[PDB]
file target_9.cif (mmCIF, N, CA and C atoms and all ligand atoms)
data_coords
loop_
_atom_site.group_PDB
_atom_site.id
_atom_site.type_symbol
_atom_site.label_atom_id
_atom_site.label_comp_id
_atom_site.auth_asym_id
_atom_site.auth_seq_id
_atom_site.Cartn_x
_atom_site.Cartn_y
_atom_site.Cartn_z
ATOM 1 N N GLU A 1 6.008 -2.088 15.395
ATOM 2 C CA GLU A 1 5.643 -3.369 14.773
ATOM 3 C C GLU A 1 5.642 -3.146 13.266
ATOM 4 N N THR A 2 6.012 -4.185 12.545
ATOM 5 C CA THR A 2 5.923 -4.195 11.083
ATOM 6 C C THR A 2 4.819 -5.161 10.690
ATOM 7 N N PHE A 3 3.964 -4.701 9.786
ATOM 8 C CA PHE A 3 2.859 -5.469 9.266
ATOM 9 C C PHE A 3 3.135 -5.737 7.810
ATOM 10 N N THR A 4 3.037 -7.001 7.421
ATOM 11 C CA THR A 4 3.322 -7.414 6.056
ATOM 12 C C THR A 4 2.044 -7.580 5.242
ATOM 13 N N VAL A 5 2.073 -7.007 4.045
ATOM 14 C CA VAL A 5 0.974 -7.108 3.081
ATOM 15 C C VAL A 5 1.494 -7.726 1.792
ATOM 16 N N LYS A 6 0.859 -8.808 1.373
ATOM 17 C CA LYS A 6 1.242 -9.493 0.153
ATOM 18 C C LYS A 6 0.601 -8.831 -1.057
ATOM 19 N N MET A 7 1.395 -8.580 -2.094
ATOM 20 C CA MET A 7 0.879 -8.056 -3.343
ATOM 21 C C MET A 7 0.587 -9.240 -4.253
ATOM 22 N N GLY A 8 -0.693 -9.538 -4.421
ATOM 23 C CA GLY A 8 -1.150 -10.777 -5.064
ATOM 24 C C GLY A 8 -1.444 -11.825 -3.983
ATOM 25 N N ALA A 9 -2.612 -12.447 -4.059
ATOM 26 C CA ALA A 9 -3.038 -13.461 -3.079
ATOM 27 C C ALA A 9 -2.239 -14.727 -3.372
ATOM 28 N N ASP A 10 -1.923 -15.503 -2.328
ATOM 29 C CA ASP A 10 -1.218 -16.786 -2.499
ATOM 30 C C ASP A 10 -1.834 -17.646 -3.608
ATOM 31 N N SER A 11 -3.155 -17.609 -3.737
ATOM 32 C CA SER A 11 -3.863 -18.478 -4.682
ATOM 33 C C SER A 11 -3.912 -17.934 -6.094
ATOM 34 N N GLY A 12 -3.338 -16.751 -6.318
ATOM 35 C CA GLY A 12 -3.304 -16.149 -7.660
ATOM 36 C C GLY A 12 -4.537 -15.319 -7.961
ATOM 37 N N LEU A 13 -4.689 -14.254 -7.168
ATOM 38 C CA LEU A 13 -5.743 -13.270 -7.353
ATOM 39 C C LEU A 13 -5.131 -11.896 -7.234
ATOM 40 N N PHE A 14 -5.728 -10.914 -7.913
ATOM 41 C CA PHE A 14 -5.212 -9.557 -7.879
ATOM 42 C C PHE A 14 -5.704 -8.826 -6.625
ATOM 43 N N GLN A 15 -5.089 -9.128 -5.484
ATOM 44 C CA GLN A 15 -5.508 -8.571 -4.186
ATOM 45 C C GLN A 15 -4.309 -8.241 -3.350
ATOM 46 N N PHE A 16 -4.467 -7.226 -2.493
ATOM 47 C CA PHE A 16 -3.577 -7.037 -1.354
ATOM 48 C C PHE A 16 -4.070 -7.913 -0.199
ATOM 49 N N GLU A 17 -3.163 -8.670 0.400
ATOM 50 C CA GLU A 17 -3.524 -9.659 1.432
ATOM 51 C C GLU A 17 -2.701 -9.436 2.708
ATOM 52 N N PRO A 18 -3.346 -8.950 3.789
ATOM 53 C CA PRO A 18 -4.753 -8.607 3.935
ATOM 54 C C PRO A 18 -5.056 -7.259 3.301
ATOM 55 N N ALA A 19 -6.333 -7.014 3.021
ATOM 56 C CA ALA A 19 -6.765 -5.764 2.396
ATOM 57 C C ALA A 19 -6.671 -4.550 3.317
ATOM 58 N N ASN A 20 -7.035 -4.728 4.588
ATOM 59 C CA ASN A 20 -7.074 -3.647 5.539
ATOM 60 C C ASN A 20 -6.148 -3.947 6.734
ATOM 61 N N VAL A 21 -5.300 -2.979 7.068
ATOM 62 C CA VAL A 21 -4.354 -3.064 8.188
ATOM 63 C C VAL A 21 -4.507 -1.827 9.075
ATOM 64 N N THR A 22 -4.405 -2.005 10.385
ATOM 65 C CA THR A 22 -4.402 -0.894 11.322
ATOM 66 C C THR A 22 -3.041 -0.821 11.994
ATOM 67 N N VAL A 23 -2.453 0.367 11.973
ATOM 68 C CA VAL A 23 -1.159 0.587 12.579
ATOM 69 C C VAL A 23 -1.162 1.764 13.548
ATOM 70 N N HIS A 24 -0.101 1.840 14.356
ATOM 71 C CA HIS A 24 0.168 2.943 15.272
ATOM 72 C C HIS A 24 1.292 3.776 14.670
ATOM 73 N N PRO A 25 1.296 5.082 14.931
ATOM 74 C CA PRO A 25 2.464 5.850 14.499
ATOM 75 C C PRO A 25 3.767 5.191 14.946
ATOM 76 N N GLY A 26 4.782 5.225 14.086
ATOM 77 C CA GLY A 26 6.067 4.515 14.282
ATOM 78 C C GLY A 26 6.096 3.114 13.661
ATOM 79 N N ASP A 27 4.924 2.547 13.406
ATOM 80 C CA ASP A 27 4.876 1.222 12.805
ATOM 81 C C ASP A 27 5.210 1.316 11.310
ATOM 82 N N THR A 28 5.477 0.153 10.732
ATOM 83 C CA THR A 28 5.886 0.019 9.357
ATOM 84 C C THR A 28 4.919 -0.940 8.659
ATOM 85 N N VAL A 29 4.537 -0.588 7.435
ATOM 86 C CA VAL A 29 3.850 -1.500 6.566
ATOM 87 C C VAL A 29 4.843 -1.905 5.458
ATOM 88 N N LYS A 30 5.020 -3.213 5.317
ATOM 89 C CA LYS A 30 5.928 -3.797 4.323
ATOM 90 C C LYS A 30 5.123 -4.585 3.289
ATOM 91 N N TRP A 31 5.203 -4.159 2.032
ATOM 92 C CA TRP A 31 4.585 -4.878 0.947
ATOM 93 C C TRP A 31 5.591 -5.842 0.350
ATOM 94 N N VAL A 32 5.167 -7.085 0.140
ATOM 95 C CA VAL A 32 6.029 -8.112 -0.453
ATOM 96 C C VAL A 32 5.366 -8.593 -1.733
ATOM 97 N N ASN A 33 6.113 -8.549 -2.824
ATOM 98 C CA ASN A 33 5.623 -8.991 -4.127
ATOM 99 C C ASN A 33 5.375 -10.500 -4.097
ATOM 100 N N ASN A 34 4.120 -10.936 -4.238
ATOM 101 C CA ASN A 34 3.764 -12.321 -3.933
ATOM 102 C C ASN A 34 3.376 -13.170 -5.155
ATOM 103 N N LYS A 35 2.321 -12.776 -5.856
ATOM 104 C CA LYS A 35 1.854 -13.527 -7.021
ATOM 105 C C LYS A 35 1.381 -12.579 -8.105
ATOM 106 N N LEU A 36 1.498 -13.033 -9.348
ATOM 107 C CA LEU A 36 1.000 -12.309 -10.521
ATOM 108 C C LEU A 36 1.515 -10.882 -10.683
ATOM 109 N N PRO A 37 2.830 -10.706 -10.539
ATOM 110 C CA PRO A 37 3.388 -9.376 -10.753
ATOM 111 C C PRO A 37 3.334 -8.991 -12.233
ATOM 112 N N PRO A 38 3.524 -7.709 -12.556
ATOM 113 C CA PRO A 38 3.848 -6.614 -11.670
ATOM 114 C C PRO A 38 2.681 -5.977 -10.930
ATOM 115 N N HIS A 39 3.030 -5.332 -9.831
ATOM 116 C CA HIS A 39 2.128 -4.491 -9.075
ATOM 117 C C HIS A 39 2.841 -3.201 -8.715
ATOM 118 N N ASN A 40 2.049 -2.177 -8.432
ATOM 119 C CA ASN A 40 2.560 -0.999 -7.763
ATOM 120 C C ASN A 40 1.621 -0.543 -6.649
ATOM 121 N N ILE A 41 1.989 0.549 -5.987
ATOM 122 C CA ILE A 41 1.263 1.040 -4.798
ATOM 123 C C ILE A 41 0.994 2.528 -4.975
ATOM 124 N N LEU A 42 -0.245 2.880 -5.309
ATOM 125 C CA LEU A 42 -0.622 4.284 -5.473
ATOM 126 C C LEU A 42 -1.654 4.693 -4.433
ATOM 127 N N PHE A 43 -1.338 5.692 -3.613
ATOM 128 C CA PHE A 43 -2.316 6.211 -2.650
ATOM 129 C C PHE A 43 -3.259 7.172 -3.333
ATOM 130 N N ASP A 44 -4.547 7.031 -3.012
ATOM 131 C CA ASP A 44 -5.622 7.856 -3.555
ATOM 132 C C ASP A 44 -5.650 9.184 -2.833
ATOM 133 N N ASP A 45 -5.346 10.267 -3.549
ATOM 134 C CA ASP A 45 -5.243 11.603 -2.932
ATOM 135 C C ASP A 45 -6.535 12.072 -2.289
ATOM 136 N N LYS A 46 -7.653 11.523 -2.747
ATOM 137 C CA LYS A 46 -8.964 11.847 -2.174
ATOM 138 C C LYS A 46 -9.262 11.095 -0.883
ATOM 139 N N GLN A 47 -8.463 10.060 -0.576
ATOM 140 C CA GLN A 47 -8.704 9.179 0.559
ATOM 141 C C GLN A 47 -7.438 8.948 1.362
ATOM 142 N N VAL A 48 -6.691 10.021 1.586
ATOM 143 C CA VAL A 48 -5.679 10.085 2.617
ATOM 144 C C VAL A 48 -6.035 11.295 3.485
ATOM 145 N N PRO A 49 -5.562 11.302 4.745
ATOM 146 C CA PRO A 49 -5.946 12.421 5.598
ATOM 147 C C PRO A 49 -5.459 13.750 5.029
ATOM 148 N N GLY A 50 -6.329 14.755 5.050
ATOM 149 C CA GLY A 50 -5.995 16.063 4.500
ATOM 150 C C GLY A 50 -6.134 16.148 2.994
ATOM 151 N N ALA A 51 -6.524 15.032 2.375
ATOM 152 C CA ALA A 51 -6.824 14.963 0.924
ATOM 153 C C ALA A 51 -5.682 15.571 0.103
ATOM 154 N N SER A 52 -4.458 15.233 0.478
ATOM 155 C CA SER A 52 -3.278 15.857 -0.052
ATOM 156 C C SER A 52 -2.589 15.015 -1.127
ATOM 157 N N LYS A 53 -2.495 15.558 -2.338
ATOM 158 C CA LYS A 53 -1.726 14.895 -3.394
ATOM 159 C C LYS A 53 -0.257 14.758 -2.996
ATOM 160 N N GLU A 54 0.290 15.751 -2.316
ATOM 161 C CA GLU A 54 1.673 15.654 -1.867
ATOM 162 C C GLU A 54 1.920 14.471 -0.923
ATOM 163 N N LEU A 55 1.009 14.277 0.026
ATOM 164 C CA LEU A 55 1.106 13.167 0.961
ATOM 165 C C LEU A 55 0.959 11.849 0.191
ATOM 166 N N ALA A 56 -0.059 11.759 -0.660
ATOM 167 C CA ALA A 56 -0.268 10.544 -1.454
ATOM 168 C C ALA A 56 0.970 10.205 -2.306
ATOM 169 N N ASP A 57 1.539 11.196 -2.991
ATOM 170 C CA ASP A 57 2.797 10.998 -3.768
ATOM 171 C C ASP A 57 4.008 10.546 -2.945
ATOM 172 N N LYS A 58 4.158 11.098 -1.751
ATOM 173 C CA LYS A 58 5.234 10.708 -0.839
ATOM 174 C C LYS A 58 5.132 9.246 -0.452
ATOM 175 N N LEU A 59 3.918 8.768 -0.209
ATOM 176 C CA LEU A 59 3.719 7.400 0.219
ATOM 177 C C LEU A 59 3.803 6.377 -0.912
ATOM 178 N N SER A 60 3.506 6.804 -2.128
ATOM 179 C CA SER A 60 3.350 5.860 -3.230
ATOM 180 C C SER A 60 4.676 5.285 -3.707
ATOM 181 N N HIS A 61 4.581 4.084 -4.263
ATOM 182 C CA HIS A 61 5.664 3.483 -5.046
ATOM 183 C C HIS A 61 5.084 3.268 -6.456
ATOM 184 N N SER A 62 5.135 4.317 -7.261
ATOM 185 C CA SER A 62 4.468 4.308 -8.554
ATOM 186 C C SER A 62 5.123 3.360 -9.570
ATOM 187 N N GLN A 63 6.411 3.081 -9.391
ATOM 188 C CA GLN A 63 7.087 2.199 -10.338
ATOM 189 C C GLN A 63 6.610 0.752 -10.124
ATOM 190 N N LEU A 64 6.438 0.043 -11.231
ATOM 191 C CA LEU A 64 6.028 -1.376 -11.171
ATOM 192 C C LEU A 64 7.105 -2.262 -10.540
ATOM 193 N N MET A 65 6.660 -3.229 -9.738
ATOM 194 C CA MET A 65 7.531 -4.155 -9.047
ATOM 195 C C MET A 65 7.294 -5.532 -9.635
ATOM 196 N N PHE A 66 8.342 -6.122 -10.240
ATOM 197 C CA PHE A 66 8.239 -7.369 -11.023
ATOM 198 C C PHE A 66 8.796 -8.618 -10.331
ATOM 199 N N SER A 67 9.763 -8.465 -9.434
ATOM 200 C CA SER A 67 10.468 -9.610 -8.895
ATOM 201 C C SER A 67 9.692 -10.259 -7.750
ATOM 202 N N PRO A 68 9.431 -11.571 -7.831
ATOM 203 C CA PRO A 68 8.796 -12.190 -6.682
ATOM 204 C C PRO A 68 9.642 -12.022 -5.431
ATOM 205 N N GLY A 69 9.007 -11.544 -4.375
ATOM 206 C CA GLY A 69 9.670 -11.351 -3.088
ATOM 207 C C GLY A 69 10.203 -9.953 -2.863
ATOM 208 N N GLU A 70 10.284 -9.117 -3.891
ATOM 209 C CA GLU A 70 10.819 -7.770 -3.660
ATOM 210 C C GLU A 70 9.821 -6.988 -2.827
ATOM 211 N N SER A 71 10.314 -5.962 -2.149
ATOM 212 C CA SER A 71 9.497 -5.271 -1.175
ATOM 213 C C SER A 71 9.596 -3.763 -1.231
ATOM 214 N N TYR A 72 8.599 -3.143 -0.607
ATOM 215 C CA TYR A 72 8.497 -1.692 -0.451
ATOM 216 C C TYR A 72 7.903 -1.451 0.929
ATOM 217 N N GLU A 73 8.505 -0.561 1.707
ATOM 218 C CA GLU A 73 8.037 -0.290 3.072
ATOM 219 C C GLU A 73 7.750 1.192 3.286
ATOM 220 N N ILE A 74 6.733 1.487 4.092
ATOM 221 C CA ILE A 74 6.510 2.808 4.656
ATOM 222 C C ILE A 74 6.503 2.698 6.159
ATOM 223 N N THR A 75 7.267 3.548 6.815
ATOM 224 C CA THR A 75 7.192 3.688 8.275
ATOM 225 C C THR A 75 6.399 4.952 8.543
ATOM 226 N N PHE A 76 5.326 4.814 9.326
ATOM 227 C CA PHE A 76 4.373 5.888 9.535
ATOM 228 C C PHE A 76 4.823 6.786 10.677
ATOM 229 N N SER A 77 5.741 7.681 10.302
ATOM 230 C CA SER A 77 6.340 8.688 11.167
ATOM 231 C C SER A 77 5.324 9.737 11.568
ATOM 232 N N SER A 78 5.719 10.617 12.477
ATOM 233 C CA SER A 78 4.787 11.603 13.054
ATOM 234 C C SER A 78 4.392 12.699 12.078
ATOM 235 N N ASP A 79 5.176 12.864 11.018
ATOM 236 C CA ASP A 79 4.849 13.807 9.956
ATOM 237 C C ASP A 79 3.483 13.449 9.379
ATOM 238 N N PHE A 80 3.233 12.126 9.248
ATOM 239 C CA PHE A 80 2.045 11.589 8.581
ATOM 240 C C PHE A 80 0.839 11.579 9.519
ATOM 241 N N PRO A 81 -0.237 12.250 9.095
ATOM 242 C CA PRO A 81 -1.395 12.411 9.961
ATOM 243 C C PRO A 81 -2.146 11.097 10.247
ATOM 244 N N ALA A 82 -2.673 10.973 11.464
ATOM 245 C CA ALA A 82 -3.546 9.838 11.770
ATOM 246 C C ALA A 82 -4.785 9.938 10.891
ATOM 247 N N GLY A 83 -5.371 8.788 10.604
ATOM 248 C CA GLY A 83 -6.557 8.686 9.765
ATOM 249 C C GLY A 83 -6.409 7.508 8.841
ATOM 250 N N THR A 84 -7.262 7.435 7.832
ATOM 251 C CA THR A 84 -7.254 6.314 6.911
ATOM 252 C C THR A 84 -6.625 6.683 5.579
ATOM 253 N N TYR A 85 -5.922 5.709 5.006
ATOM 254 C CA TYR A 85 -5.147 5.880 3.785
ATOM 255 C C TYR A 85 -5.547 4.771 2.843
ATOM 256 N N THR A 86 -6.294 5.083 1.793
ATOM 257 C CA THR A 86 -6.663 4.077 0.797
ATOM 258 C C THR A 86 -5.690 4.110 -0.389
ATOM 259 N N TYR A 87 -5.304 2.935 -0.859
ATOM 260 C CA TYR A 87 -4.383 2.798 -1.991
ATOM 261 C C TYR A 87 -4.828 1.689 -2.977
ATOM 262 N N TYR A 88 -4.192 1.661 -4.139
ATOM 263 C CA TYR A 88 -4.524 0.670 -5.141
ATOM 264 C C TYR A 88 -3.310 0.340 -5.992
ATOM 265 N N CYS A 89 -3.438 -0.772 -6.714
ATOM 266 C CA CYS A 89 -2.473 -1.178 -7.720
ATOM 267 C C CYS A 89 -3.012 -0.685 -9.083
ATOM 268 N N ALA A 90 -2.236 0.143 -9.792
ATOM 269 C CA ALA A 90 -2.713 0.757 -11.027
ATOM 270 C C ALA A 90 -3.133 -0.260 -12.091
ATOM 271 N N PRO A 91 -2.234 -1.184 -12.468
ATOM 272 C CA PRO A 91 -2.662 -2.140 -13.483
ATOM 273 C C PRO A 91 -3.851 -3.034 -13.107
ATOM 274 N N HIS A 92 -4.126 -3.194 -11.811
ATOM 275 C CA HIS A 92 -5.208 -4.057 -11.348
ATOM 276 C C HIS A 92 -6.323 -3.337 -10.610
ATOM 277 N N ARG A 93 -6.374 -2.020 -10.777
ATOM 278 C CA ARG A 93 -7.341 -1.235 -10.028
ATOM 279 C C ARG A 93 -8.767 -1.682 -10.361
ATOM 280 N N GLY A 94 -9.048 -1.931 -11.641
ATOM 281 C CA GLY A 94 -10.403 -2.345 -12.053
ATOM 282 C C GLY A 94 -10.758 -3.739 -11.591
ATOM 283 N N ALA A 95 -9.731 -4.561 -11.393
ATOM 284 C CA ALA A 95 -9.885 -5.901 -10.857
ATOM 285 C C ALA A 95 -10.207 -5.877 -9.365
ATOM 286 N N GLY A 96 -10.118 -4.698 -8.746
ATOM 287 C CA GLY A 96 -10.409 -4.550 -7.321
ATOM 288 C C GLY A 96 -9.212 -4.657 -6.390
ATOM 289 N N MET A 97 -8.011 -4.488 -6.940
ATOM 290 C CA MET A 97 -6.791 -4.584 -6.142
ATOM 291 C C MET A 97 -6.594 -3.262 -5.393
ATOM 292 N N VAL A 98 -7.268 -3.206 -4.242
ATOM 293 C CA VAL A 98 -7.353 -2.009 -3.405
ATOM 294 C C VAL A 98 -7.087 -2.399 -1.943
ATOM 295 N N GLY A 99 -6.519 -1.479 -1.169
ATOM 296 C CA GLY A 99 -6.303 -1.713 0.237
ATOM 297 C C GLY A 99 -6.378 -0.444 1.059
ATOM 298 N N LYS A 100 -6.316 -0.592 2.368
ATOM 299 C CA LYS A 100 -6.469 0.549 3.264
ATOM 300 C C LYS A 100 -5.575 0.367 4.478
ATOM 301 N N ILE A 101 -4.921 1.433 4.883
ATOM 302 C CA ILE A 101 -4.151 1.467 6.125
ATOM 303 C C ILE A 101 -4.800 2.496 7.021
ATOM 304 N N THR A 102 -5.126 2.083 8.244
ATOM 305 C CA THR A 102 -5.679 2.982 9.235
ATOM 306 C C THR A 102 -4.580 3.282 10.250
ATOM 307 N N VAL A 103 -4.177 4.543 10.338
ATOM 308 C CA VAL A 103 -3.197 4.973 11.322
ATOM 309 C C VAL A 103 -3.978 5.487 12.517
ATOM 310 N N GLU A 104 -3.909 4.757 13.629
ATOM 311 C CA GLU A 104 -4.625 5.154 14.837
ATOM 312 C C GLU A 104 -3.620 5.732 15.801
ATOM 313 N N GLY A 105 -3.771 7.011 16.094
ATOM 314 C CA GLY A 105 -2.865 7.727 16.980
ATOM 315 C C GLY A 105 -3.149 7.510 18.446
HETATM 316 CU CU CU A 201 -1.440 -5.392 -9.103
HETATM 317 MG MG MG A 202 -7.053 -2.716 16.733
#

call {"tool": "encode", "arguments": {"input": "target_9.cif", "output": "structure tokens", "more": "lines below"}}
Ligand SMILES: [Cu+2]
Ligand SMILES: [Mg+2]
result
Amino acid sequence: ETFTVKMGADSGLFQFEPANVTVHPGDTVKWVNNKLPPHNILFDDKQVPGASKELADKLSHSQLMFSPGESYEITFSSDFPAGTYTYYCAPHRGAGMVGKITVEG
């Protein structure tokens, strides 16, 4: 299954919508640039399973995304450990633009 997360709330707020998603290994999370771009996707190395900067870097899309509707996807392959993965948008981190993916094995 693919789960879609909007970057920017439809109403014009600095949020991932929905904030929290639960997936199964093999599933895909697709981020779609929605409102008030740019945004990016940075995983917090302290809040991914195994507390790994390498894992967080692999998952991240650090470059800013400006075009309405453009997308970035991660498919949660077996390489990636089950557990919770917290991420944020760098330019809007203080605004509370944070989200979480729970990979349930
Ligand atoms: Cu943002
Ligand atoms: Mg469930």

call {"tool": "resolve_selection", "arguments": {"input": "target_9.cif", "expression": "the PyMOL selection byres (((chain A and resi 73) around 5) and not hetatm)", "output": "list in words"}}
result
residues 29, 30, 31, 71, 72, 74 and 75 of chain A

call {"tool": "residues_around", "arguments": {"input": "target_9.cif", "residues": "residue 90 (chain A)", "least_positions_apart": "3", "cutoff": "6 Å", "atoms": "only N, CA and C atoms", "output": "PyMOL selection string"}}
result
chain A and resi 40-42+93

call {"tool": "residues_near_ligand", "arguments": {"input": "target_9.cif", "ligand": "ligand CU 201 (chain A)", "cutoff": "5 Å", "atoms": "all atoms listed in the file", "output": "list in words"}}
result
residues 38, 39, 40, 89 and 92 of chain A

call {"tool": "residues_around", "arguments": {"input": "target_9.cif", "residues": "residue 99 (chain A)", "least_positions_apart": "2", "cutoff": "6.5 Å", "atoms": "only N, CA and C atoms", "output": "ChimeraX atom specification"}}
result
/A:16,18-20,85-89,97,101

call {"tool": "atom_distance", "arguments": {"input": "target_9.cif", "atom1": "CA of residue 84 (chain A)", "atom2": "CA of residue 70 (chain A)"}}
result
25.2 Å

call {"tool": "select_by_dssp", "arguments": {"input": "target_9.cif", "residues": "region 52-95 of chain A", "states": "strand (DSSP E)", "output": "list in words"}}
result
residues 61, 62, 63, 64, 65, 71, 72, 73, 74, 75, 83, 84, 85, 86, 87 and 88 of chain A

call {"tool": "select_by_dssp", "arguments": {"input": "target_9.cif", "residues": "chain A", "states": "helix (DSSP H, G or I)", "output": "number ranges by chain"}}
result
A: 45-47, 49-51, 53-59, 90-92

call {"tool": "residues_around", "arguments": {"input": "target_9.cif", "residues": "residue 1 (chain A)", "least_positions_apart": "5", "cutoff": "6 Å", "atoms": "all atoms listed in the file", "output": "NGL selection string"}}
result
:A and (26-28)

call {"tool": "residues_near_ligand", "arguments": {"input": "target_9.cif", "ligand": "ligand MG 202 (chain A)", "cutoff": "9 Å", "atoms": "only C-alpha atoms and all ligand atoms", "output": "count of residues only"}}
result
4

call {"tool": "closest_residue", "arguments": {"input": "target_9.cif", "among": "A:32, A:7, A:64, A:98", "to": "residue 44 (chain A)", "atoms": "only C-alpha atoms"}}
result
A:98

call {"tool": "resolve_selection", "arguments": {"input": "target_9.cif", "expression": "the PyMOL selection byres (((chain A and resi 59) around 7) and not hetatm)", "output": "list in words"}}
result
residues 41, 42, 43, 54, 55, 56, 57, 58, 60, 61, 62 and 74 of chain A

call {"tool": "atom_distance", "arguments": {"input": "target_9.cif", "atom1": "atom C of residue 49 (chain A)", "atom2": "atom N of residue 80 (chain A)"}}
result
9.8 Å

call {"tool": "atom_distance", "arguments": {"input": "target_9.cif", "atom1": "CA of residue 94 (chain A)", "atom2": "CA of residue 2 (chain A)"}}
result
28.4 Å

call {"tool": "decode", "arguments": {"input": "target_9.cif", "residues": "region 21-82 of chain A", "atoms": "C-alpha atoms", "output": "short mmCIF file (atom, residue, chain, number, x, y, z; two decimals), in the first residue's frame"}}
result
data_model
loop_
_atom_site.label_atom_id
_atom_site.label_comp_id
_atom_site.auth_asym_id
_atom_site.auth_seq_id
_atom_site.Cartn_x
_atom_site.Cartn_y
_atom_site.Cartn_z
CA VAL A 21 1.31 7.20 9.48
CA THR A 22 1.66 3.47 10.20
CA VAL A 23 3.01 1.20 7.50
CA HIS A 24 4.02 -2.44 6.93
CA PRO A 25 7.35 -3.43 5.43
CA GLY A 26 7.06 -3.19 1.60
CA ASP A 27 4.70 -0.22 1.84
CA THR A 28 5.52 3.20 0.43
CA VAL A 29 5.13 6.65 1.90
CA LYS A 30 4.66 9.33 -0.79
CA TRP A 31 5.06 13.00 0.10
CA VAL A 32 3.26 15.46 -2.18
CA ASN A 33 4.17 19.15 -2.15
CA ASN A 34 0.85 20.77 -1.20
CA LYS A 35 0.89 24.32 0.21
CA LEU A 36 3.41 26.98 1.22
CA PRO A 37 6.53 25.49 -0.35
CA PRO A 38 9.42 24.98 -0.12
CA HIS A 39 9.64 22.01 2.19
CA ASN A 40 12.10 19.22 2.72
CA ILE A 41 12.16 15.89 4.61
CA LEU A 42 14.86 15.31 7.24
CA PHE A 43 14.81 12.23 9.48
CA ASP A 44 15.96 12.79 13.06
CA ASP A 45 18.95 10.50 13.68
CA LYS A 46 18.02 10.30 17.36
CA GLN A 47 14.49 9.06 16.53
CA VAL A 48 14.92 6.37 13.92
CA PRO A 49 15.44 2.74 14.89
CA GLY A 50 19.07 2.07 15.83
CA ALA A 51 19.66 5.84 16.21
CA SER A 52 21.62 5.74 12.98
CA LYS A 53 22.71 8.87 11.11
CA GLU A 54 23.34 6.66 8.08
CA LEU A 55 19.75 5.38 8.10
CA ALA A 56 18.37 8.90 8.66
CA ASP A 57 20.50 10.26 5.72
CA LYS A 58 19.37 7.44 3.41
CA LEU A 59 15.72 8.23 4.06
CA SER A 60 15.97 12.02 3.89
CA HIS A 61 15.28 14.33 0.98
CA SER A 62 17.41 17.22 2.21
CA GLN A 63 17.00 19.34 -0.93
CA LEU A 64 14.12 21.85 -0.86
CA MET A 65 11.04 21.00 -2.94
CA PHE A 66 9.38 24.08 -4.53
CA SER A 67 6.92 22.87 -7.17
CA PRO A 68 3.31 22.35 -6.13
CA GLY A 69 2.51 18.68 -6.63
CA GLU A 70 6.08 17.38 -6.84
CA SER A 71 6.76 14.28 -4.82
CA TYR A 72 9.26 12.18 -2.91
CA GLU A 73 8.69 8.52 -1.97
CA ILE A 74 10.27 5.97 0.36
CA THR A 75 9.44 2.29 0.07
CA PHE A 76 10.14 0.63 3.40
CA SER A 77 12.17 -2.38 2.28
CA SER A 78 13.44 -5.11 4.60
CA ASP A 79 16.81 -3.39 4.99
CA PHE A 80 14.98 -0.75 7.08
CA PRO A 81 14.31 -1.80 10.66
CA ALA A 82 10.80 -1.89 12.15
#
